[PDB]
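Reading through the structure tokens given below for one structure.
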Amino acid sequence: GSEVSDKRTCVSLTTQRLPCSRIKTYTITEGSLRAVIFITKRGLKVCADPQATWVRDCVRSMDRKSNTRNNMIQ
């Protein structure tokens, strides 16, 4: 169902916030509608609005974690 899909697994974006500590990893989808998918630490996928300030903080927080070479994906 929602397990695998790729491309754009979802078309709706969450504008409301999630704790940035629940961010597992993100994937930005590029096209005409850009959506950033965040996986939560529970292992579920969430889709978030990339122009949300909190999203920008987290999508960039994970981006910042990608500057240094140590990515604990667990």
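Worth pointing out:
- Of all residues in the stretch 36-55 being farther than 18 Å from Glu3 by Cβ and within 11 Å of the chain's Cα centre (by Cα), the one that is surrounded by the fewest Cβ atoms within 10 Å (Cβ to Cβ): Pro50
- Being touching a helix residue (DSSP H, G or I) at 6+ places or on another chain (Cβ under 7 Å) and surrounded by 16 or more Cβ atoms within 10 Å (Cβ to Cβ) is a property that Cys58 has.
- Residues (β-branched (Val, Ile, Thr), touching a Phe, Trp or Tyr at 6+ places or on another chain (Cβ under 9 Å) and surrounded by 16 or more Cβ atoms within 10 Å (Cβ to Cβ)) located in the stretch 22-35: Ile23
- Summed over the stretch 59-74, the residues that are in a loop (DSSP other than H, G, I, E, B) and aliphatic (A, V, I, L, M) give a count of 2.
Quick reminder, even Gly has a Cβ in these numbers, built from the backbone with ideal geometry, and neighbours come from all protein chains shown. None of the figures in this text is laboratory data; all of them are computed from the coordinates on show.
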